[PDB]
Ligand SMILES: Nc1nc2c(ncn2[C@@H]2O[C@H](COP(=O)(O)OP(=O)(O)OP(=O)(O)O)[C@@H](O)[C@H]2O)c(=O)[nH]1
Ligand SMILES: Nc1ncnc2c1ncn2[C@@H]1O[C@H](COP(=O)(O)OP(=O)(O)CP(=O)(O)O)[C@@H](O)[C@H]1O
Ligand SMILES: Nc1nc2c(ncn2[C@@H]2O[C@H](COP(=O)(O)OP(=O)(O)O)[C@@H](O)[C@H]2O)c(=O)[nH]1
Ligand SMILES: COc1cccc(C(=O)Nc2ccccc2F)c1
Ligand SMILES: COc1cccc(C(=O)Nc2ccccc2F)c1
Ligand SMILES: [Ca+2]
Ligand SMILES: [Ca+2]
Ligand SMILES: [Ca+2]
Ligand SMILES: [Mg+2]
Ligand SMILES: [Mg+2]
Ligand SMILES: [Mg+2]
């Protein structure tokens, strides 16, 4: 019984989190009311990892919904699987955060954080043996970014020896809501550098390009983007939600993916990504090639611009595990220039027999690459183009922040970039 | 009669232990419920099999075994498995969260809080023994529990049972069946702290077992069940002398006397033949000469290495099945005139031979075919030092960058323990080179 | 090629063939190591809490 | 795409093999410490054979046979010939040799003297040569033994061929170099092209002090000889000229008079150590290029001088031999997407 507590905060965090619970509920056979209706015992083997079991054989997600405005969580409560969440687990204010990191982290968010921790403590007290937490949020807004990182800081103070992982959506000028997103993202990234064990970097720029170029979606929407995130979150959590020769908790996976404490920002990837030729069988070679292809990556960073410290590949569906090893060993032994040679056997493969809904087989890619530095450089440069003119700072100084805190977050992220660069050479 | 207590640590130790005791029962005619019809002494006896099995008043034969794991999922298999009735709950110890492949977590953080409970359970088994010989310890090198807790346990066992021998069955890490990159760290940390507490250690390289399963059993992708059944056959061949009437390796002390002239160099190479696929139409039965000759082919060694380029310090041949001394000696003469068998000048050039007439037992539905005769050679070669050099080199690559070191320091281990353990391994490699130099 | 120490029983036999002649820490100390590592964990955790308190 | 590493920057032979591999567009060179290689062009000394064949899914091959140094060491070769029944102490194609350790350190001092005194008493030629892995030629055992004690490494004293075959005109000594390639299947291939390293000075039996007419080394002739390059360019006569000479002068051929013995010697040496170094059932594979050095006496009997484990090649023959290495040694294990230049010396494995 290795329970995980899920937290979703802000608009982005709650909309991606909702779809995540929609997808995995379908895979485990949980209907919108929490009743089980599957046909395989593998569905219930590890169900308690993400679901609590209530009276009447009902399964309730171990999820806490957080926001500083009601709108998004009203939509969740009225959505497809809205009724499956615990009513007491909705914690929300009315003020909003105005896409303002300071409001989420220091003012509005500070008034609500204690009530969120009460629910978190309630979910944790009922865990036989809590592994750790996972947070879904964006870094470009105010609630998920500002209050999300505030929540991480107070969760680490109370549960210092528990794993803290996040799925973090990084802002991009191509899919943007406001101009202050580089400010909010730079402030958050430093919080994550310190207080998370694993952070999956989901770049809205990559999500957009995949929809526009690969999926041939003329005008991508946030929904189209969240389909990619749902599928990716299901792939990264597959091994914990189903049984197999892989007996790994969050800490074991962290111990084998993070060689240096601050370098824990991952590039996720998924395959296939097919446009509506959608019935064609996808061979193992094709799954492997695409899974390592940059165009299937979701961090908007070119893996050929850096080096892989560690890689984890998860294959789902009925397939030849012999042919899997052959193709995996093929990709490594054919591009060993992009793998650091001072971490032997740093490419690990994991298989799962249950494929996602509507797919014969799939593959999820989790890379700890120094190329991720290009993402932090992009944000850093957008931050500095504005901060050198102190543009839009009054939104933040009005909440009590000083310019010094920005200068320190600027330097903290340039230090992070410099740290990736040394290991890339 | 003198008792032997088996200790199974971590997933590797526990799953291999489960396969061995399954095989032990099949070899001694013990049913899953513990009954043993051929045992005419109900509720006691000092027979050979009694070294591994105690007896209750009701006639149950209970393994002299403790299983220890920091998470319960693997040991829960034993609790609800075919042989659940063999053991009682006091023999199965499980924590709630494992060492996360972190030596420091198993040895220090978690080991400190569970060591005393594990010793208490072992003491209860020891109190049933009239003349305990010592312990057989099964564990992996790579796991956080198999590496970290085992080394702590071995340190304490040397305190609480100073005059008892301790043998090891250790699983050497192979990337083909591992998802962990830190196992070189764990292997070298546990070897350093266990070296002076172990009288004789049989390393099994998962790489070797993996390739034997694919090559000889025609398994395209062997599983832990395939690997463990083959390993339990090798283990059974090694411990048979303790469980059956005989005169060779009759007690644990004799393993050191016959295989380990130098204490630190206590890692004998195991070679086993024949391994024949059960799915075969029907295999030609190999002769004594052929299976004996097979003991000098690298393809059936428990650790891939080249004994042609080392020196031998000791050599035992353990035969099971239809084998007579006449044919063993005739085969040995043929192999000397053909093979490259160089003993060290301060050791006699000879072989100790043991023959058990009962052929190998095969688990029904298993992968191994019933053979009329089989042999396991235990030779203390300097060539096994190739295995340490491989492991130490991977250690050096990661430690030069301090990759993953913070995970260990975070659990209270000092960084100096890495270099302390590495320097000890360097001295071990130098000891091998001093013994096998021309 | 000499054979020595031939022993025979109903379940097997054993012998030796010669082809050619030749030419710890106390319980107290283990507790200190364990407690020392525990103290280092405590110190490191206290520094984290101090950091979070600031 | 195959991958190889280069761990010997001084090998002219495998510097060309590496140049050819890359030219095929189907081989990629990795950093010398990258373990994910198919082929290793290893270092000469302390090559880590123990780390080969442990990479999942990679068939690995190395250009050196582990244990072949027994054949390619001065003292090692002598011990092997005397102790191996296949070669026996009565081996007819190897000069009487002895392993002598300097007194400042088994040893064959007395055995050598016993044979030495026998020749001195029998009026027979008693000229011996001392060398190690720095050569002295003398007819007095006192000088030979004293010269070795002044050194601090093992030496070998073997009988000096006092009746060498002398080329005309010039009246000059020579030796024959043969390149042999043993592949992973332990096939023994003899390169069809050999080279005679000739001395450009007249052979003088009444003066072993001047070692320029006695040592046919390409470096000694080009440094201490005053007729270097007179009769043949670079004191290198090739088989076509030598075969034409043997016909004109001795009314015989190179195949009949010499090559039959050379092929016999090669097979005998390599078959002897095959059980010790074969990689047939090993987790990795080996091949290796050897340089056999022979001497011919005036009776047209061939004598084995030494075996070189890391030989160089005659400038004119680098392209053909190196290509031949890629064909039978490398591509035979890693095929790509004639009239062979080698002579296969058949044998029983
Ligand atoms: N031969 C064999 N090897 C195993 C088996 N189980 C695990 N291993 C190997 O053991 C190493 C991993 O260590 P484990 O024993 O699984 O870990 P542990 O001892 O339980 O310690 P934790 O980290 O707390 O889980 C890897 O090299 C595996 O390949 C098994 O059943 N048979
Ligand atoms: N027993 C012997 N009788 C006559 N000449 C001999 C001899 N031993 C050596 N030589 C001469 O010495 C020369 C080289 O000797 P040797 O081969 O032992 O040194 P070396 O190994 O440094 C040269 P290489 O390795 O390139 O063949 C040969 O060309 C040969 O002419
Ligand atoms: N991928 C994705 N990104 C989103 C979604 N909603 C908002 N974003 C991004 O999140 C950032 C805005 O933060 P938001 O979550 O709306 O602010 P918050 O409610 O205060 O946490 C911008 O970078 C948006 O592009 C969504 O549904 N999917
Ligand atoms: C001169 O060009 C500039 C200057 C300053 C900032 C940016 C920029 O890219 N802004 C941005 C990036 C991600 C999300 C929202 C954003 F507003 C561009
Ligand atoms: C919130 O973050 C999470 C949640 C659940 C699982 C993981 C994870 O890292 N899983 C994993 C990594 C490598 C290989 C196989 C795996 F299953 C991360
Ligand atoms: Ca307020
Ligand atoms: Ca009895
Ligand atoms: Ca002891
Ligand atoms: Mg918004
Ligand atoms: Mg475990
Ligand atoms: Mg030489």
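We're sticking with Swiss-Prot numbering for chain A, so the shown stretch reads 1-276, 279-427, in order.
Method reported for this entry: X-ray crystallography, 2.1 Å.
The backbone N, Cα and C atoms fix where each Cβ goes, and this holds for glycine too.
Proximity of distant same-chain residues to the motif 'MREI motif' (A:1-4), defined by a Cβ-Cβ separation under 8 Å and at least 6 residues beyond the stretch ends, is recorded for 48-50, 62, 127-134, 240, 249-250. Residues or ranges marked as motif 'MREI motif' in Swiss-Prot: A:1-4.
On its own chain, residue A:11 (GTP binding site) has A:67, A:72, A:138, A:141, A:143, A:144 as residues at least 6 apart in sequence with a Cβ closer than 8 Å to its own Cβ. What Swiss-Prot lists as GTP binding site is A:11, A:69, A:138, A:142, A:143, A:144, A:204, A:226, and the listing cites similarity to another entry.
The Cβ of residue A:40 (phosphoserine) lies under 8 Å from the Cβ of A:29, A:356, each of which sits 6+ residues away along the same chain. For A:40 (among others), the entry in Swiss-Prot reads phosphoserine, with the evidence type similarity to another entry.
Residues or ranges marked as phosphothreonine in Swiss-Prot: A:55 (among others). Counting every protein chain shown, 5 other Cβ atoms lie within 10 Å of the Cβ of residue A:55 (phosphothreonine).
In the three-state DSSP assignment, the secondary structure recorded for residue A:58 (ubiquitin cross-link) is strand. For residue A:58 (ubiquitin cross-link), the same-chain residues lying six or more positions away in sequence with a CB closer than 8 A to its CB are A:33, A:34, A:35. Per Swiss-Prot, ubiquitin cross-link is recorded for A:58 (among others), and the stated evidence type is similarity to another entry.
Per Swiss-Prot, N6-acetyllysine is recorded for A:58.
Per Swiss-Prot, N6-succinyllysine is recorded for A:58.
Of all Cβ atoms in the shown protein chains, 19 besides its own fall within 10 Å of the Cβ of residue A:69 (GTP binding site). In the three-state DSSP classification, residue A:69 (GTP binding site) falls within coil. According to Swiss-Prot, the Mg(2+) binding site annotation covers A:69, on the basis of similarity to another entry.
Remark: residue A:172 (phosphoserine) has A:203, A:204, A:205, A:208, A:302 as non-local neighbours, by Cβ distance under 8 Å and separation of at least 6 in sequence. Look at Swiss-Prot and you will find A:172 (among others) tagged as phosphoserine, backed by similarity to another entry.
Take the CB of residue A:285 (phosphothreonine) and look out to 10 A: across all protein chains shown you find 13 other CB atoms. For A:285 (among others), the entry in Swiss-Prot reads phosphothreonine.
If you look up Swiss-Prot, you'll see A:290 (among others) marked as phosphothreonine, on the strength of similarity to another entry. Annotation for residue A:290 (phosphothreonine): same-chain Cβ neighbours under 8 Å, separated by at least 6 residues, are A:315, A:326, A:329, A:330, A:332, A:333, A:365. According to its DSSP assignment, residue A:290 (phosphothreonine) is helical.
On its own chain, residue A:318 (omega-N-methylarginine) has A:235, A:238, A:353, A:354, A:355, A:356, A:357, A:358, A:361, A:363, A:364, A:365, A:366 as residues at least 6 apart in sequence with a Cβ closer than 8 Å to its own Cβ. What Swiss-Prot records for A:318 is omega-N-methylarginine, and it gives similarity to another entry as the kind of evidence.
Reduced to three states, the DSSP call for residue A:324 (ubiquitin cross-link) is helix. Annotation comment: Swiss-Prot describes A:324 (among others) as ubiquitin cross-link, evidence class similarity to another entry.
Fewest other C-beta atoms within 10 Å: among the binding-site residues A:142, A:144, that description fits A:142.
Proximity to chain B, taken as a Cβ less than 8 Å from one of its Cβ atoms, holds for A:324 among the recorded positions A:55, A:143, A:172, A:226, A:285, A:324. Reported as a whole number, the C-alpha separation between residue A:142 (GTP binding site) and residue A:55 (phosphothreonine) equals 38 Å. One residue stands out among the binding-site residues A:138, A:143, A:204, A:226 for having the most other Cβ atoms within 10 Å of its Cβ: A:143. Residue A:172 (phosphoserine) carries a strand DSSP state (E or B).
Rounded to a whole number, the distance between the Cα atoms of residue A:55 (phosphothreonine) and residue A:285 (phosphothreonine) is 44 Å. With DSSP states grouped into helix (H, G, I), strand (E, B) and coil, the motif 'MREI motif' (A:1-4) comes out at 0 helix, 2 strand, 2 coil. Annotation note: residue A:285 (phosphothreonine) sits in a coil segment as assigned by DSSP. Residue A:11 (GTP binding site) falls within a helix when secondary structure is assigned with DSSP. The number of other CB atoms found within 10 A of the CB of residue A:324 (ubiquitin cross-link), across every protein chain shown, is 13.
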